[PDB]
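A short worksheet on the structure shown next.
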Amino acid sequence: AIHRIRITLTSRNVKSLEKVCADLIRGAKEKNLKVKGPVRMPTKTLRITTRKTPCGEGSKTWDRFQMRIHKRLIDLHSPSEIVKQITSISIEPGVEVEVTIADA
Amino acid sequence: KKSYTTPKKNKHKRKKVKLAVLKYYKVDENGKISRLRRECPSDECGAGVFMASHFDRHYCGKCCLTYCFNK
Amino acid sequence: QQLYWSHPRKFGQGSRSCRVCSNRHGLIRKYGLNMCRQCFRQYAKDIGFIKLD
Amino acid sequence: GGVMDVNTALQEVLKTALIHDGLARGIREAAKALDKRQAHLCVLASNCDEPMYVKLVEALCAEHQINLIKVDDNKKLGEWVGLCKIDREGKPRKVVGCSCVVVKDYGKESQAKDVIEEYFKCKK
Amino acid sequence: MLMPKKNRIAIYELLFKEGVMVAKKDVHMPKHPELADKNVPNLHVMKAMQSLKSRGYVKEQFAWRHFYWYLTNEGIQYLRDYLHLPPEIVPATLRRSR
Ligand SMILES: [Mg+2]
């Protein structure tokens with residue numbers, strides 16, 4: 001019946017993630033599903049630092065590569081079919097969405 | 001990265017002695033067979049394979065690392 | 001023929017080699033890349049790492 | 001196919017029996033394939049070698065299940081198996097005669113090709 | 001021996017069934033994965049395809065430690081001969097692609 005259900009969204013580009021989140025919020029509040037707003041988990045940053053040079057010669061310069069990971073959650077209180085439906089729609093770009101059974 | 005040195009033992013392979021094929025069966029009356037050497041009673045060897053006779057040893061050719069008997 | 005064609009290569013630099021160039025000597029194990037330190041600067045973009053520090 | 005001739009019977013059965021993996025070529029494989037109960041039809045030719053392995057093949061076909069067919073002219077059944085598989089077996093580079101064969105499995109059962117031996121087994 | 005005839009035929013039939021072969025460049029791994037995995041070391045797969053390629057019959061690419069082998073028309077014919085198939089059968093690749 002009515003269940004708690006949490007959707008977790010992850011990506012590296014922020015604008016796609018935020019627009020996806022706001023559209024899911026729209027589609028949820030057009031059915032009056034009592035949505036708990038997006039919670040923004042801390043961003044993660046992966047750092048990799050290497051010598052620039054192929055061989056061992058030169059003054060000793062380094063690169064500082066890093067990749068960022070954004071992650072947020074939204075919570076719904078509703079039956080499963082509507083949420084697995086609207087979830088299945090309105091995602092064009094590269095963004096990760098994972099929806100689970102219950103989280104409360 | 002330099003010239004080698006001379007070896008004095010070079011011999012690549014054993015020369016793999018060549019034998020006339022099959023005298024291990026004896027016809028010993030008209031239409032009668034005799035077997036000079038038993039077929040290795042190992043379950044996987046099909047009992048159509050002949051066990052060796054050495055000077056005091058019986059050894060199975062197809063049981064690669066087993067069936068050696070001391071007599 | 002041979003039963004002596006290897007001896008334990010289960011840790012240390014003999015175990016592991018780059019997933020691209022097959023070299024040893026200076027590979028990145030972090031996050032499970034397993035990639036040579038020179039080979040990674042080459043694909044550091046297609047993975048998604050961008051330099052902005 | 002032919003009219004049940006012996007000089008067609010070997011050619012007919014062979015061409016399906018290579019595919020049915022049946023032919024223990026040569027004499028030692030013929031022996032080892034007769035000492036197990038896989039054999040069905042056995043073949044020999046004139047003597048171009050040991051005058052006693054002929055006695056070997058007839059004693060062995062005798063001692064379990066009499067099924068022998070004798071056909072001379074070693075090079076003929078040789079060239080009929082003349083290379084390791086069916087294309088340019090007539091290549092003169094290699095044309096060894098078999099001088100013995102055992103069929104284990106006589107091809108896909110068909111077209112009276114095996115019935116030719118049935119026309120001999122109790123008839124000759 | 002270069003490999004058992006049993007192993008050869010098992011490799012050729014798999015290549016014909018699918019129409020394309022793949023193996024990582026490694027001589028030590030004890031079994032090929034894939035439908036050869038019950039039987040064959042991938043040293044035999046590499047060593048086999050090398051001979052097959054030197055006679056036409058196959059196109060070969062190599063990118064990050066992995067060979068990619070395609071069967072060409074001459075290969076279709078030779079394998080259809082070598083395996084004694086219904087002289088017109090090919091499950092390799094048959095459909096008009098839109
Ligand atoms: Mg922190």
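Just remember, in the structure tokens the first chain shown is A, the second B, etc., residues are 1-based per chain, and ligands are 1-based in the order shown.
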**Q.** Within 8 Å of residue 113 of chain D using only C-alpha atoms, minus same-chain residues under 3 positions, as number ranges by chain
**A.** D: 4, 9, 12-13, 109-110, 116
Q | Selection within 9 Å of ligand 1 by only C-alpha atoms and all ligand atoms, output as a PyMOL selection string | A | chain A and resi 42-44
Could you save those same residues with N, CA and C atoms as a PDB file, in the first residue's frame?
```
ATOM      1  N   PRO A  42      27.055  15.195   1.679  1.00  0.00           N
ATOM      2  CA  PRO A  42      28.303  15.882   1.349  1.00  0.00           C
ATOM      3  C   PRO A  42      28.886  15.399   0.032  1.00  0.00           C
ATOM      4  N   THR A  43      29.367  16.346  -0.770  1.00  0.00           N
ATOM      5  CA  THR A  43      30.039  15.996  -2.010  1.00  0.00           C
ATOM      6  C   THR A  43      31.344  15.283  -1.701  1.00  0.00           C
ATOM      7  N   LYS A  44      31.727  14.373  -2.582  1.00  0.00           N
ATOM      8  CA  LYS A  44      32.970  13.641  -2.429  1.00  0.00           C
ATOM      9  C   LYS A  44      33.955  14.101  -3.486  1.00  0.00           C
TER      10      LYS A  44
END
```
Q | Distance-based interface of chain B with chain D, 9 Å, counting only C-alpha atoms, as a VMD selection string | A | chain B and resid 21 to 23 25 to 27 30 to 33 46 to 49
(Q) Show me, as a PyMOL selection string, the residues of chain A whose atoms get within 7 Å of chain C, using only C-alpha atoms for the distance check. (A) chain A and resi 54+64-67
Using only C-alpha atoms, which residues of chain C come within 8 Å of chain E, and what is the closest atom pair for each, with the distance in Å to one decimal? Give it as CSV, sorted by chain and residue number.
```
residue,atom,partner,partner_atom,distance
C:19,CA,E:64,CA,6.8
C:20,CA,E:64,CA,4.8
C:21,CA,E:64,CA,7.0
C:22,CA,E:65,CA,7.5
```
The selected residues should be written to file as an mmCIF file, in the first residue's frame (atoms: N, CA, C and O atoms).
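Output saved as out_31.cif:
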```cif
data_model
loop_
_atom_site.group_PDB
_atom_site.id
_atom_site.type_symbol
_atom_site.label_atom_id
_atom_site.label_comp_id
_atom_site.auth_asym_id
_atom_site.auth_seq_id
_atom_site.Cartn_x
_atom_site.Cartn_y
_atom_site.Cartn_z
ATOM 1 N N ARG C 19 46.645 -2.105 -16.904
ATOM 2 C CA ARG C 19 45.584 -2.574 -17.801
ATOM 3 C C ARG C 19 45.650 -2.055 -19.241
ATOM 4 O O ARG C 19 44.844 -2.480 -20.050
ATOM 5 N N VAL C 20 46.575 -1.156 -19.574
ATOM 6 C CA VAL C 20 46.773 -0.600 -20.925
ATOM 7 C C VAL C 20 48.089 -1.082 -21.506
ATOM 8 O O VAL C 20 48.114 -1.971 -22.338
ATOM 9 N N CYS C 21 49.207 -0.528 -21.054
ATOM 10 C CA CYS C 21 50.526 -0.754 -21.626
ATOM 11 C C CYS C 21 51.180 -2.054 -21.171
ATOM 12 O O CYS C 21 52.260 -2.372 -21.641
ATOM 13 N N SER C 22 50.576 -2.799 -20.247
ATOM 14 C CA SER C 22 51.117 -4.023 -19.649
ATOM 15 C C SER C 22 52.443 -3.872 -18.893
ATOM 16 O O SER C 22 53.051 -4.863 -18.508
#
```
Q: Could you give me the residues within chain B that DSSP places in strand (DSSP E or B), as number ranges by chain?
A: B: 25-29, 32-35, 39, 50, 58-59, 68-69
Q: For chain E, work out the contacting residues on chain D at 9 Å, counting only C-alpha atoms, and write them as JSON, numbers by chain.
A: {"D": [19, 85, 86, 87]}
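One finds atom CA of residue 104 of chain D at 20.3 Å from atom CA of residue 74 of chain D.
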Using only C-alpha atoms, which protein or nucleic acid residues come within 6 Å of segment 88-98 of chain A? Drop anything in the same chain fewer than 6 positions from it, and give the result as an mmCIF file with N, CA and C atoms, in the first residue's frame.
```cif
data_model
loop_
_atom_site.group_PDB
_atom_site.id
_atom_site.type_symbol
_atom_site.label_atom_id
_atom_site.label_comp_id
_atom_site.auth_asym_id
_atom_site.auth_seq_id
_atom_site.Cartn_x
_atom_site.Cartn_y
_atom_site.Cartn_z
ATOM 1 N N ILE A 7 14.506 7.705 -3.037
ATOM 2 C CA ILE A 7 15.254 7.736 -4.284
ATOM 3 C C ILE A 7 16.558 8.467 -4.034
ATOM 4 N N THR A 8 17.670 7.852 -4.428
ATOM 5 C CA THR A 8 18.992 8.433 -4.251
ATOM 6 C C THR A 8 19.597 8.721 -5.617
ATOM 7 N N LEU A 9 20.080 9.945 -5.789
ATOM 8 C CA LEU A 9 20.589 10.440 -7.052
ATOM 9 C C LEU A 9 22.056 10.801 -6.900
ATOM 10 N N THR A 10 22.849 10.409 -7.887
ATOM 11 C CA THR A 10 24.282 10.638 -7.851
ATOM 12 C C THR A 10 24.737 11.031 -9.242
ATOM 13 N N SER A 11 25.720 11.913 -9.312
ATOM 14 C CA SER A 11 26.303 12.286 -10.600
ATOM 15 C C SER A 11 27.594 13.041 -10.335
#
```
**Q.** Long-range neighbours of segment 84-86 of chain A as a ChimeraX atom specification, 10 Å cut-off, only C-alpha atoms, 2 positions minimum in chain
**A.** /A:24,27-28,79-82,88-90,99-100
Q) Excluding same-chain residues fewer than 6 positions from residue 85 of chain E, what lies within 12 Å of it counting only C-alpha atoms, as an MDAnalysis selection string? A) (chainID D and resid 19) or (chainID E and resid 13 16:17 76:79 91)
Q.
What's around residue 26 of chain C at 10 Å? Count only C-alpha atoms, leave out sequence neighbours fewer than 2 positions away in its own chain, and write the answer as a list in words.
A. residues 13, 17, 18, 23, 24, 28, 29, 34, 35, 36, 37 and 38 of chain C
Write the selection just made, keeping N, CA and C atoms, as a compact mmCIF listing (two decimals), in the first residue's frame?
```
# COMPACT_ATOMS: atom_id res chain seq x y z
N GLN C 13 55.43 -6.66 -6.90
CA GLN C 13 55.41 -6.13 -8.26
C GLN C 13 55.24 -7.20 -9.34
N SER C 17 50.20 -5.45 -13.10
CA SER C 17 50.66 -4.72 -14.27
C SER C 17 49.55 -3.86 -14.83
N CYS C 18 49.90 -2.84 -15.60
CA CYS C 18 48.96 -1.86 -16.11
C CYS C 18 47.92 -2.46 -17.06
N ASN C 23 52.92 -2.66 -18.65
CA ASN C 23 54.12 -2.40 -17.88
C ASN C 23 53.89 -2.57 -16.38
N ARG C 24 54.96 -2.62 -15.59
CA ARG C 24 54.98 -2.60 -14.12
C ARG C 24 55.42 -1.21 -13.68
N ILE C 28 49.11 3.17 -10.56
CA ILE C 28 48.19 3.78 -9.61
C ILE C 28 47.19 2.72 -9.20
N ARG C 29 47.22 2.25 -7.96
CA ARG C 29 46.23 1.33 -7.41
C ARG C 29 45.02 2.05 -6.82
N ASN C 34 44.45 0.69 -11.43
CA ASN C 34 45.47 -0.25 -11.89
C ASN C 34 46.07 0.15 -13.23
N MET C 35 46.61 1.36 -13.29
CA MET C 35 46.97 2.05 -14.52
C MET C 35 48.34 2.70 -14.41
N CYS C 36 49.18 2.66 -15.44
CA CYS C 36 50.55 3.15 -15.36
C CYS C 36 50.52 4.65 -15.19
N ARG C 37 51.47 5.21 -14.47
CA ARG C 37 51.46 6.62 -14.10
C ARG C 37 51.51 7.52 -15.33
N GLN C 38 52.17 7.10 -16.41
CA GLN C 38 52.17 7.80 -17.70
C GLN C 38 50.89 7.57 -18.48
```
Q: Might you pull out every residue within 7 Å of residue 72 of chain E, with only C-alpha atoms counted and same-chain residues fewer than 2 positions away left off, and present them as JSON, numbers by chain?
A: {"E": [57, 58, 70, 74, 75, 76]}
Q.
Please report the interatomic distance between atom CA of residue 35 of chain A and atom CA of residue 76 of chain A in Å with one decimal.
A.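 Rounded to one decimal, the two atoms are 4.9 Å apart.
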